[PDB]
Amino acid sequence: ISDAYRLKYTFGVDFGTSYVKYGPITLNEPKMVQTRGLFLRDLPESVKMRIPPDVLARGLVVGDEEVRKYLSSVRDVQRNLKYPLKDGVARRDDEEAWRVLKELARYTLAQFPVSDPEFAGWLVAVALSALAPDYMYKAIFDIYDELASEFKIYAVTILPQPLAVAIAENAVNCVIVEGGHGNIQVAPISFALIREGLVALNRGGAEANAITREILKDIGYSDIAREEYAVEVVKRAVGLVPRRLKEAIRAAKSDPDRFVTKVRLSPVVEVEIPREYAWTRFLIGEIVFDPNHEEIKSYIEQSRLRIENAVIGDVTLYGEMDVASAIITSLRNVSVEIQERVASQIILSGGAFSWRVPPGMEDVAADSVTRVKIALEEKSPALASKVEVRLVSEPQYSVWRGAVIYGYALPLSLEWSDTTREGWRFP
């Protein structure tokens, strides 16, 4: 296995809570597919008549185009659409979850054929949540060992998602904040992931969608709000992050016309945010950073929104803790020697931090870097005066880039150890 070989045939797979990012090291950007599968059950004979036999026999479809093909036909898709990693962990005995993960592992390899004889298998590098227990590592290794009989696979390794971000950013000493649909992971990196400093929050992009849905109902779009794809489009289009929420709300109630907006959902369907509710745009961006505001609590009191802790194995995911407090807690839980190395660089990653400021709104609205700096200046002025905060260039692709760098560089002489939790396995 030469150096040139590894620059062609390293293959990265990032298993996100809502999207899998995947493909060879030679791609300029990864491909993406939703982390879900559709079971084909209870279908009318009218519909089943025109489905290929091999697909009907399999009874489970993955791939965005393919799931879209059959979604209209399934009447009850809450029961039949399975999301195996919606909180980052597939439970040990959840057989449907692990079947969907194996099908996704198969589909992603199947998108990249062979046409060069000096190829003898991929070198696969998989990224999983820092929340993943030991049994998840074993089950993922098992999936790729089984698929090695269907595809040429030379070697396989696994690493945690926050470490991959640090590698992609060329940052050996830092604090990573990685936020997707399901949760936020906060972890210090000093030549390795410092486990004792991991802090997890039970909020993500799903919470921004949840409050968008409730705003839409209040405006009068309850029927639209029942469609998850539509809530997602509205969230991305109209969400705003305040510099400081109370100041942003006062501005939008004094001059609501600055903040009214419209969203086209289809050639026929359009949504309008009117004057009375224009200020609520700031709730959609704020909720991931800090949910402790009366205007958010109002929906909780109505039993229309949940903000709560969760427990997965040995880790508690905190519902209410704000992002700044999580950074400060993470540092407190590691030694002073490590703190002095990593506290200089805070790095935000993941799609939940993608927010942009519309032209003209710089007085009241913020991007994620600014919102986090404001929070740190309030809760720890000393830290704030010495730290640099940044957002990765491609928020959804950073983990995958670090996975392919890791797979390229990790020595092939380093065999997997259950004790150190690093190394290669060879099918």
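Counting begins at 1, following the sequence as shown.
Legend: mean Cα B-factor per stretch from the PDB entry, 70 to 78 versus 172 to 180; the higher mean is in 70 to 78. For the pair 10 to 18 and 411 to 419, the mean Cα B-factor is higher in 411 to 419. When the C-alpha B-factors of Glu196, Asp142, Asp322, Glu96 are read from the PDB record, the largest value belongs to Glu196. Looking only at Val61, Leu391, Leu27, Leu56, the residue with the top Cα B factor in the deposited structure is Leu56.
Sort the chain's modelled residues by C-alpha temperature factor and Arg213 lands in the lowest third, per the entry. When the CA B factors of the chain's modelled residues are split into thirds, the value for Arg92 lands in the highest one. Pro381: CA B factor in the highest third of modelled residues in this chain (values from the PDB entry). In this PDB entry, the Cα temperature factor of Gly360 sits in the top third of its chain's modelled residues, the highest group. Among the modelled residues of its chain, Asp290 has a C-alpha B-factor that falls in the middle third, as given in the PDB entry.
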